[PDB]
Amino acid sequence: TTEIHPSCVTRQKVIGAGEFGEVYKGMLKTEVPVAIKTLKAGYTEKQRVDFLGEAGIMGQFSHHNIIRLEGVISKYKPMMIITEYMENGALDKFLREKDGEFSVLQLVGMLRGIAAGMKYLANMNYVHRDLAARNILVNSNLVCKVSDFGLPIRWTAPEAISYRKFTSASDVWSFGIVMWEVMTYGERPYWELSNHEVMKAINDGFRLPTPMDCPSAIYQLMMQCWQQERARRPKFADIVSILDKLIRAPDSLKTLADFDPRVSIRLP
């Protein structure tokens, strides 16, 4: 993993928290903006193994839709994981702050990118376990990069909740939920239902209703991500292929799924 000298890093502002340290925005000289996760004095052996292990896995990833590791500081303390900086931040907040501002084709493009990143992770034998819009970063080209900021009942497949079976197929369930987040501009899955009410609804066969203005093909795809039987869900290769074909024949997205009105307004 590329080792960066501390003199090349300037931490500027705190942007969040890590396992045993803080996360910062800063600048890297070689200035490019970067995000910086630190491991502070007193960290345990297990925290060090997990921190350096995370850096090592991130260093093996090279994909347009996966956050890119700039380097690591391991030879000096505090230790640091340094990534590219994504100007538009996390996707859930981004869409909530830009409600209605994008075209259907732009939104589906986002999903294609997320799906390509997930196909790569799954092929690399990396199970994400926490896929949600809050863990996707957006750059100034609208490119979505799968990330993981650490800690999700509403996003998690039934077998993962029930007996802790996390696989790329439970990640597919989560991707379905991410599709719904994107097409709703960041609505909260299942709205005010409690965690127990969500699981009961899922077990009894209910599923999230179609978003407003949602292409029929897109709702059909998210519905197939939520099959109870794990083996029946599409693989990420299937998802990428479908999304790529829909984008390349964009008239395919003009057919919309019926939106079930929660409210009726009667006017003459």
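Each form is matched to the other, and the largest set of C-alpha atoms that superpose within 1.5 Å is called the rigid core. Residue indices: 1-based, along the sequence shown.
Structural divergence in 9 other deposited structures of this protein between 73-81 and 180-188: following superposition by the core, 73-81 has C-alpha atoms lying farther from the shown form.
In terms of root mean square C-alpha deviation after superposing on the rigid core in 9 other deposited structures of this protein, the stretch standing farther out between 84-92 and 141-149 is 141-149. Compared with the other entries of this protein, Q47 is consistently built, present in every one of those that build its neighbours rather than absent from a third. At least a third of the other compared entries skip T30 while keeping the residues on either side. Going from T30 to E31, the model skips 4 to 9 deposited residues, which lack coordinates. Higher mean CA temperature factor between 137-145 and 170-178: 137-145, per the PDB entry.
Between 208-216 and 46-54, the higher mean Cα B-factor belongs to 46-54.
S74: CA B factor in the highest third of modelled residues in this chain (values from the PDB entry).
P189: CA B factor in the lowest third of modelled residues in this chain (values from the PDB entry). In this PDB entry, the Cα temperature factor of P158 sits in the bottom third of its chain's modelled residues, the lowest group. For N203, the recorded CA temperature factor ranks within the highest third of the chain's modelled residues. Among the modelled residues of the chain, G150 sits in the highest third by CA temperature factor in this PDB entry.
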